[PDB]
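Visitor: My structure is below; once you've seen it, I'll send some questions.
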Ligand SMILES: *[C@@H]1O[C@H](CO[C@@H]2O[C@@H](C)[C@@H](O)[C@@H](O)[C@@H]2O)[C@@H](O[C@@H]2O[C@H](CO)[C@@H](O[C@@H]3O[C@H](CO[C@H]4O[C@H](CO)[C@@H](O)[C@H](O)[C@@H]4O)[C@@H](O)[C@H](O[C@H]4O[C@H](CO)[C@@H](O)[C@H](O)[C@@H]4O)[C@@H]3O)[C@H](O)[C@H]2NC(C)=O)[C@H](O)[C@H]1NC(C)=O
Ligand SMILES: *[C@@H]1O[C@H](CO[C@@H]2O[C@@H](C)[C@@H](O)[C@@H](O)[C@@H]2O)[C@@H](O[C@@H]2O[C@H](CO)[C@@H](O[C@@H]3O[C@H](CO)[C@@H](O)[C@H](O[C@H]4O[C@H](CO)[C@@H](O)[C@H](O)[C@@H]4O)[C@@H]3O)[C@H](O)[C@H]2NC(C)=O)[C@H](O)[C@H]1NC(C)=O
Ligand SMILES: CCCCCCCC/C=C\CCCCCCCC(=O)OC[C@H](COP(=O)(O)OCC[N+](C)(C)C)OC(=O)CCCCCCC/C=C\CCCCCCCC
Ligand SMILES: CCCCCCCC/C=C\CCCCCCCC(=O)OC[C@H](COP(=O)(O)OCC[N+](C)(C)C)OC(=O)CCCCCCC/C=C\CCCCCCCC
Ligand SMILES: CCCCCCCC/C=C\CCCCCCCC(=O)OC[C@H](COP(=O)(O)OCC[N+](C)(C)C)OC(=O)CCCCCCC/C=C\CCCCCCCC
Ligand SMILES: CCCCCCCC/C=C\CCCCCCCC(=O)OC[C@H](COP(=O)(O)OCC[N+](C)(C)C)OC(=O)CCCCCCC/C=C\CCCCCCCC
Ligand SMILES: CCCCCCCC/C=C\CCCCCCCC(=O)OC[C@H](COP(=O)(O)OCC[N+](C)(C)C)OC(=O)CCCCCCC/C=C\CCCCCCCC
Ligand SMILES: CCCCCCCC/C=C\CCCCCCCC(=O)OC[C@H](COP(=O)(O)OCC[N+](C)(C)C)OC(=O)CCCCCCC/C=C\CCCCCCCC
Ligand SMILES: CCCCCCCC/C=C\CCCCCCCC(=O)OC[C@H](COP(=O)(O)OCC[N+](C)(C)C)OC(=O)CCCCCCC/C=C\CCCCCCCC
Ligand SMILES: *[C@@H]1O[C@H](CO)[C@@H](O[C@@H]2O[C@H](CO)[C@@H](O)[C@H](O)[C@H]2NC(C)=O)[C@H](O)[C@H]1NC(C)=O
Ligand SMILES: CC(C)CCC[C@@H](C)[C@H]1CC[C@H]2[C@@H]3CC=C4C[C@@H](O)CC[C@]4(C)[C@H]3CC[C@]12C
Ligand SMILES: CC(C)CCC[C@@H](C)[C@H]1CC[C@H]2[C@@H]3CC=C4C[C@@H](O)CC[C@]4(C)[C@H]3CC[C@]12C
Ligand SMILES: CC(C)CCC[C@@H](C)[C@H]1CC[C@H]2[C@@H]3CC=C4C[C@@H](O)CC[C@]4(C)[C@H]3CC[C@]12C
Ligand SMILES: [K+]
Ligand SMILES: [K+]
Ligand SMILES: [K+]
């Protein structure tokens, strides 16, 4: 049994068959699998022919845009000691990775960058989503616009003396026009002052009613000095039609933060085609757990 | 419980004397034992009651079914699920509860399947109980010279025991004094023959002598005395019951087949598991990811729904058998019948109809024929001689049967008669051409009758003579023609009497062979006028000593009778010969008749010949011919009583058509044990307790139902309700039919394993988003595939099953490598490719092209990366990309159903084409319709994103698996074509299951 079914010397069999059987079975499987591969490849090529290169056919799973930030928090918590420098390194390395893409050296010349209104403005349509006109042009976004969080002055960005920053960003969607709330009698409390129509407002607060007192002065930095995103940077034409495109950014400094205590800060954007979700905690808003323990 | 010392042939101390036995047991022949001594022995040896069986509690085998191959793998799956949950609960806050649910469910699957296996492995055995209902409650013992009726359990060795006609023998006794005592050894001899028990010794074999009464038998008539030689588990019936309860059950063929594939399935399961677990850590995967892998792979490989499918399939065929009059006690016996190649059946009451009619008669050196037709439309037999009248008196008087009360309306042949079929046939013939037997019987009062004796082989009685001028006594007796021929000296010829010279003795021998060769059973009738001078009208001839002259009687004539065969008997024998089942006729009539019945039913095919037939055709002695030139053979019981084991092995190894005559159903067991030894499944047909040790050791025991006793039926595995023989053939056919369907269903269930295993494998080798989750798998093997697999049982035959030879157990199996090459190698591969197709389509339409999917998993699963760039530059949050992955799982599951359509259609037939067999199976059609409705329901019902995680699909996706399905259908169609045109070629020895 054990030995025979492995190698017998009368019928010159290995494992059960001779050399011509193993060869016929192997040849059959090779031809069969080869045909299978060729058929799958053909059915995938017709699929490459069924889609367009300038636009995703279905855009419903990304209708309400998200709200992400610059620091990379494992559990949406920012905890670091003001003494030990090797505590906020994982954060700065990220912040830096994000801002390192807005360097002026990258944005230079007429192509493909264009100087836009230093003050929030309206939408700008560079035509349709075609290849007729060459590579479209995107507006320039300078670093310096973010005043105290730019890594140009205090590389660390704040984390050095108990005053961290948080660069918020709106998720890039093709053909998405941001629509802010109008001036009518129904509008949140916060939004009334500084109603620049052309700006999408971002406003942070405290999750619980208690924490209000323990959170100090939320100082926002942005284009024009407003706490929002200028409508002139929209819409987005997609990578293929707008490589070298920069999305606006908004810096948030959490000055006067109570020491040695976990603070839950929820930031939220307001607008018409903006809707939140009780399941996705990053759709339109975002949560951060800051704790500057020193 | 030494079995070898119980397998040996019984020995005894019968050949002794009355003085030599009391000393051995310390007793008195006229006073018995003393009460003090009796109690001293009652405490020394133990009670006279069969020991109860060793038993098996029920939670033991239920807990056993919970641990067996597929259940251990599913157990480690539940354990892994809880491990991953513990890790999540101790490492992260707000831990989703998905894993704890999946684990509780896996444990539920194991617990429920266990129930299906418990239902399949039932062992309803209450043997010893049936035996216990045997021994009467109280025996009659004589102690200190007094008669007392005491609890039979209190009988010991040595005391005196008295029996009376109607009571059961309480233990093994040594008869010391009898008075016309007769016993019914149906349990050891297999025959209702009334053997007389005499104090004298008569045979070297203890079972044949008369000075020994045996437990498990009854004294039919007379009274007797005896010393107790054996009691308790030591009696004869004690070794019979202890042997029946002792035989280790074993493992039925279908069980061995179910084991072989759990071994193969587990092989590929551990090979894929231990290997990818080592691979996961060779690539840097953390512990909470590898645990999820391990689980997905174990579930993917185990067919969570198979075993329960088999259990149902088998239940359906058992219901079909009960519709065809075959009731099966143990679920797996349904398949044991098909794998049978040797049958040990009986002729009385199974092949034949046992309803006897008087066919021919011998008298006045002349054969006479009687009308044997329902409406009595024929020729009379010349009722004008005195001989016939004397014959009518012999048969009408020496007969104990009588028409059942209230039959004054039915005809003379269709009325009910209480008694044996021979006395009934004789009574009907006499009542037919001799008028009312009730007056013929009251016209001659029966004085003394000596019933049939297994030793005397005759029934006799002395009635008064209605003769008004002759106030003498009449004696009549009937029996086998040879025995009766040896007891006469005159012949009633045309009325007068004549001597028995050899001329008429030879005419009687030729008449005997004439009626015997006709397939009829012949009986001899004789009578004698007792001289009223030596036996006056007042003398009483008590049935004790020789009061009647046994010899010097007057033979009047032979009387034959007909027992025709059943409708399907010739067809059934032909069916058995066509399949290859060795039939063996075992009965208890004369070989001269046995040969005729053999030629009449098929056992002896028209052309085969025995050694005696050759010696008769070549008028040469029998010792000259070579036994190889004889295909059939008639083995006599006496020559069986004196035969060794190896000789029997050679007898069964060298002959194709064996017939056993003059056989006592004990020997039967010997023949059965000789048939199993050579390597073939064995079935048997029985009616009483002598067959109990034979039905228990046979692979399958077929017991009769109407005529059978509680013991025989309760100890068998299959029961017949019509006592027919065609049902045996139907059983064999249904046993084959349910086998080919199991093969088809197994290939079905297996084929879908590949499209469930491959997504995981590419998940680790190529790093693409998970294509098929674990909950979706359980929704495929436990949901959509169950009904179709169950329907595959209702498939009819393709060719003729009752024509091929029995399957070989050592070479042909249920799950070979050909099936693995089809399900795991070809069909499953195409199904997996179709699933991946629909997958890539869903992702490509939403923005993730195939070039950007390779390498994204690390970030696609990252719960803190709310910006994942796709092929077009869009940023996708975590929950948004997860919703798409789930919709890809839903479409993958639907693709599986689409390809399963063509798989269920190509699995419907194994060789034949679909345009030949046909889609006449309504269950399969219903399976397809339900299989589709369930998938649509699971996807479109609101709130299914909270429970099963399945999102709705867009009407253009449902058509991504259609081409693969049609291709599967065309490939298998051309496959099942070359097999039909090229028999024995490559496609057959490579892909023919
Ligand atoms: C986008 O801009 C980044 C910053 O650009 C600078 O400021 C702007 C406004 C302009 O003036 C521009 O000209 C400036 O360079 C730019 O990153 C910068 O790249 C340089 C070159 O590698 C870095 O200089 C090196 O500094 C290290 C030590 O760095 C310390 O500080 C940083 C934080 O700033 C920490 O991250 C480090 O861990 C250290 O703590 C020096 O050791 C190193 O030495 C090398 O040069 C000297 C001569 O000076 C040689 O003798 C040595 O052998 C070495 O070869 C450099 O001096 C600079 O740190 C870095 N800035 C930051 C903030 O990281 C970035 O690359 C630009 N990206 C693109 C895509 O354009
Ligand atoms: C968006 O909306 C706000 C509010 O608009 C007001 O409420 C809306 C719901 C709706 O009903 C509007 O019709 C309504 O105007 C705009 O800001 C408001 O602007 C007015 C005008 O400057 C302010 O009213 C001022 O109130 C002062 C005290 O609070 C009073 O002293 C001011 O005096 C001025 O006007 C008087 C005549 O009434 C004149 O004599 C004076 O010399 C002086 O000019 C004046 O009455 C409101 O306070 C403002 N509301 C707020 C919340 O600040 C806002 O401009 C608009 N933005 C855009 C871009 O359209
Ligand atoms: C045992 C079970 C096996 C199961 C098989 C599973 C199949 C999947 C296995 C791996 C999947 C890897 C990912 C496939 C992607 C390949 C990428 C590729 O190739 O990108 C080249 C072209 C794309 O070009 P583009 O630049 O225009 O696209 C975009 C242009 N933009 C974006 C600029 C506009 O893609 C093309 O042409 C088409 C190439 C599509 C890739 C198909 C390759 C599959 C290889 C073998 C499958 C056969 C299996 C047979 C069973 C064997 C068992 C042993
Ligand atoms: C990333 C990876 C993804 C993979 C996805 C696919 C999943 C895997 C799918 C299927 C797994 C297959 C596992 C192997 C199955 C073998 C079946 C088997 O073991 O069944 C048992 C049979 C017994 O049968 P019986 O009872 O009738 O015998 C009667 C003998 N009497 C009567 C003479 C005594 O034993 C035999 O067949 C003898 C044993 C033969 C063993 C052959 C081993 C071949 C395995 C791999 C080959 C790979 C080579 C690839 C390279 C090709 C060159 C290019
Ligand atoms: C591009 C898309 C690719 C899709 C690939 C997957 C396809 C799988 C699904 C369906 C395949 C259908 C194949 C059609 C085969 C027809 C064969 C046929 O017609 O052979 C004729 C037979 C033979 O008769 P005979 O001469 O033996 O009669 C003797 C009568 N004596 C005895 C009285 C003389 O006649 C009979 O079988 C009797 C009449 C039976 C009539 C059956 C009609 C039902 C057929 C299919 C049901 C639909 C299932 C749909 C599943 C989707 C659910 C949403
Ligand atoms: C011959 C014999 C024929 C027999 C045929 C029998 C067919 C039976 C046909 C229908 C019975 C289906 C059961 C009905 C279920 C009603 C569920 C329901 O009305 O849910 C409504 C609410 C949804 O509310 P929402 O939109 O505000 O949620 C928003 C959630 N956000 C926003 C967080 C995403 O539900 C929720 O919230 C929680 C959802 C709870 C999930 C319950 C689903 C049960 C899961 C599996 C059982 C299905 C097994 C298949 C049985 C097949 C039998 C043939
Ligand atoms: C031919 C016969 C056809 C009929 C057979 C039915 C087809 C399906 C067969 C098997 C499916 C078993 C798969 C097990 C899947 C469990 C999924 C699971 O557990 O997901 C965990 C979820 C997570 O919930 P969460 O904590 O995030 O909710 C938070 C709610 N907040 C926050 C709003 C309060 O929990 C939940 O969905 C809670 C609800 C638990 C759902 C149990 C479903 C059990 C399904 C089948 C068992 C019965 C089958 C018997 C039929 C046998 C046929 C032979
Ligand atoms: C043996 C294997 C059997 C396989 C059977 C497969 C059956 C498949 C069943 C249905 C097919 C799926 C339905 C397709 C629906 C697509 C809807 C759609 O949105 O389509 C749009 C695209 C065209 O996009 P575009 O960018 O060029 O537009 C440019 C527009 N401008 C010029 C204005 C810029 O359309 C396209 O790709 C259309 C290209 C489709 C080519 C594949 C043809 C499929 C073959 C047969 C279909 C079955 C019909 C006959 C049934 C016989 C029953 C016996
Ligand atoms: C998306 C999924 C797509 C799947 C498509 C699959 C298509 C691929 C189908 C078949 C390709 C395999 C062909 C292999 C040919 C080489 C095999 C070979 O070397 O074979 C040698 C033997 C000749 O040796 P012998 O027997 O004389 O020696 C006796 C030997 N001793 C004595 C041991 C018995 O060959 C023979 O017997 C002849 C047997 C040849 C095998 C015929 C099988 C045809 C099966 C399917 C074709 C139908 C495709 C329909 C697709 C429609 C698409 C819409
Ligand atoms: C920042 O927070 C501090 C408290 O932590 C505020 O200063 C306190 O003001 C109260 C009077 O309301 C004094 O009693 C405390 O002694 C002050 N503490 C310190 C550390 O100065 C301060 O006003 C806040 N500043 C801003 C801009 O929010
Ligand atoms: C009936 C069966 C066996 C035929 C299968 C044909 C296979 C081998 C054919 C069908 C479609 C073909 C592919 C279709 C498209 C392309 C893209 C092109 O830029 C290079 C050739 C390439 C990559 C082809 C290679 C061969 C291919 C996959
Ligand atoms: C006989 C054989 C070779 C025919 C195979 C036809 C193949 C090429 C056809 C059959 C079904 C078709 C697909 C079915 C569904 C969809 C989804 C739709 O939104 C875009 C087209 C797309 C992606 C089709 C592409 C081409 C396709 C795969
Ligand atoms: C993911 C990919 C690369 C795995 C491909 C695995 C393929 C090559 C494996 C899967 C199943 C395997 C076959 C399964 C069954 C048999 C029957 C046996 O008697 C000989 C080997 C043979 C013929 C195997 C050959 C190799 C095989 C076809
Ligand atoms: K499975
Ligand atoms: K048995
Ligand atoms: K399966």
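Results for (1) over 39 Å from the mean Cα position of the chain (by Cα); (2) within 16 Å of ligand 3 (Cβ to nearest atom); (3) under 14 Å from residue B:890 (Cβ atoms), shown as yes or no for each residue.
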site: B:903; (1), (2), (3): no, no, no
site: B:915; (1), (2), (3): no, no, no
site: B:948; (1), (2), (3): yes, no, yes
site: B:965; (1), (2), (3): yes, no, no
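Visitor: Looking only at the stretch A:194-211, filter to residues that are more than 13 Å from residue A:264 (Cβ to Cβ) and not in a loop (DSSP other than H, G, I, E, B); which one of those is farthest from ligand 15 (Cβ to nearest atom)?
Guide: A:199
Quick grid of which residues meet (1) surrounded by fewer than 21 Cβ atoms within 10 Å (Cβ to Cβ); (2) within 16 Å of ligand 2 (Cβ to nearest atom); (3) free of Cβ contacts under 8 Å to residues at least 24 places away in the same chain; (4) in a helix (DSSP H, G or I):
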residue: B:264; (1), (2), (3), (4): yes, no, no, yes
residue: B:270; (1), (2), (3), (4): yes, no, yes, yes
residue: B:274; (1), (2), (3), (4): yes, no, yes, yes
residue: B:288; (1), (2), (3), (4): yes, no, no, yes
residue: B:297; (1), (2), (3), (4): no, no, no, yes
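Visitor: Given the conditions (1) more than 16 Å from ligand 9 (Cβ to nearest atom); (2) farther than 20 Å from residue B:779 by Cβ; (3) in contact (Cβ under 8 Å) with a residue 12 or more places away in the chain, which single one is not true for residue B:915?
Guide: That leaves (3) as the condition not met.
Visitor: Within the stretch A:263-276, which residues are assigned to a loop (DSSP other than H, G, I, E, B) and either within 16 Å of ligand 5 (Cβ to nearest atom) or out of contact with any helix residue (DSSP H, G or I) (no Cβ under 9 Å at 6 or more places or on another chain) (or both)?
Guide: Residues satisfying the conditions are A:271, A:272, A:273, A:274, A:275, A:276.
Let's see how each residue does on (1) within 30 Å of residue B:129 (Cβ to Cβ); (2) part of a helix (DSSP H, G or I):
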| residue | (1), (2) |
| --- | --- |
| B:21 | no, yes |
| B:29 | no, no |
| B:47 | yes, no |
| B:52 | yes, no |
| B:71 | no, yes |
| B:74 | no, yes |
| B:84 | no, yes |
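Visitor: Hey, another quick one. Is it true that residue A:41 is within 13 Å of another protein chain (Cβ to nearest Cβ) and surrounded by 15 or more Cβ atoms within 10 Å (Cβ to Cβ)?
Guide: no
Visitor: In the stretch B:798-867, which helices (runs of 4 or more DSSP H) lie fully inside it and hold 3 or more residues that are under 52 Å from the mean Cα position of the chain (by Cα) and either within 12 Å of chain A (Cβ to nearest Cβ) or under 30 Å from residue B:980 (Cα atoms) (or both)?
Guide: B:817-822, B:828-846
Visitor: I would also like to ask the following. Specify which of the listed residues (A:15, A:47) is within 16 Å of ligand 13 (Cβ to nearest atom) and within 12 Å of chain B (Cβ to nearest Cβ).
Guide: Among A:15, A:47, only A:15 is within 16 Å of ligand 13 (Cβ to nearest atom) and within 12 Å of chain B (Cβ to nearest Cβ).
Visitor: Could you check the stretch B:154-170 and list, in sequence order, the residues that are within 35 Å of the chain's Cα centre (by Cα) and on the phi < 0 side of the Ramachandran plot?
Guide: Of everything in the stretch B:154-170, those that are within 35 Å of the chain's Cα centre (by Cα) and on the phi < 0 side of the Ramachandran plot turn out to be B:167, B:168, B:169, B:170.
Visitor: When you go through (1) within 30 Å of residue A:286 (Cα to Cα); (2) touching a residue at least 60 places away in the same chain (Cβ under 8 Å); (3) within 14 Å of chain A (Cβ to nearest Cβ) one by one for residue B:961, which number turns out not to apply?
Guide: Result: residue B:961 fails condition (1) only.
Visitor: Moving to a separate point now. Give me the pairs: first residue in the stretch B:308-336 and free of Cβ contacts under 8 Å to residues at least 60 places away in the same chain and more than 14 Å from chain A (Cβ to nearest Cβ), second residue more than 16 Å from ligand 1 (Cβ to nearest atom) and not in a loop (DSSP other than H, G, I, E, B), beta-carbon distance under 6 Å, and six or more apart or on different chains, which are they?
Guide: Qualifying pairs under 6 Å: B:318/B:328; B:318/B:334.
Visitor: Go through A:28, A:54, A:14 for me and flag whichever is surrounded by 10 or more Cβ atoms within 10 Å (Cβ to Cβ), touching a residue at least 60 places away in the same chain (Cβ under 8 Å) and farther than 30 Å from residue A:154 by Cα.
Guide: A:54
Visitor: Suppose we filter the stretch A:212-223 for residues that are surrounded by fewer than 17 Cβ atoms within 10 Å (Cβ to Cβ) and either touching a residue at least 40 places away in the same chain (Cβ under 8 Å) or part of a helix (DSSP H, G or I) (or both); how many remain?
Guide: Total meeting the criteria: 3.
Visitor: Looking only at helices (runs of 4 or more DSSP H) that lie completely in the stretch B:669-753, which have at least 3 residues being surrounded by 21 or more Cβ atoms within 10 Å (Cβ to Cβ), more than 16 Å from the chain's Cα centre (by Cα) and in the same structural domain as residue B:306 (by CATH)?
Guide: It comes to B:726-751.
Visitor: Is there a residue in the stretch B:126-139 that is crowded, with 16+ Cβ neighbours inside 10 Å and part of a strand (DSSP E or B)?
Guide: yes
Visitor: Another question, then. Is there any pair linking a residue in the stretch A:86-97 that is farther than 14 Å from residue A:251 by Cβ to one that is within 16 Å of ligand 9 (Cβ to nearest atom), with Cβ under 7 Å and at least six apart or on different chains, and which?
Guide: Close Cβ pairs (under 7 Å, with a partner that is within 16 Å of ligand 9 (Cβ to nearest atom)) do not exist here.
Visitor: Output the number of residues of the stretch B:868-886 satisfying the condition of being more than 9 Å from chain A (Cβ to nearest Cβ) and not in a helix (DSSP H, G or I).
Guide: Selection size over the stretch B:868-886: 1.
Visitor: For the stretch B:87-136, what are the residues that are within 14 Å of chain A (Cβ to nearest Cβ) and within 24 Å of residue B:949 (Cα to Cα)?
Guide: B:88, B:92, B:93, B:94, B:95, B:96 - these are the residues of the stretch B:87-136 that are within 14 Å of chain A (Cβ to nearest Cβ) and within 24 Å of residue B:949 (Cα to Cα).
Visitor: Only one of B:409, B:453 is in the same structural domain as residue B:368 (by CATH) and touching a residue at least 40 places away in the same chain (Cβ under 8 Å). Can you tell me which?
Guide: Criteria check complete, one pass: B:453.
Visitor: Please determine whether any residue of the stretch A:235-249 is away from chain B (no Cβ under 14 Å), part of a strand (DSSP E or B) and in contact with a strand residue (DSSP E or B) (Cβ under 7 Å, 6 or more places away or on another chain).
Guide: no
Visitor: Can you tell me which of B:200, B:248 is within 24 Å of the chain's Cα centre (by Cα) and free of Cβ contacts under 8 Å to residues at least 40 places away in the same chain?
Guide: On inspection, the qualifying residue turns out to be B:248.
All of this is worked out from the model, or read from it or from the source named; these are not laboratory values. Virtual Cβ from ideal backbone geometry, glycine too; neighbours counted across all protein chains shown.
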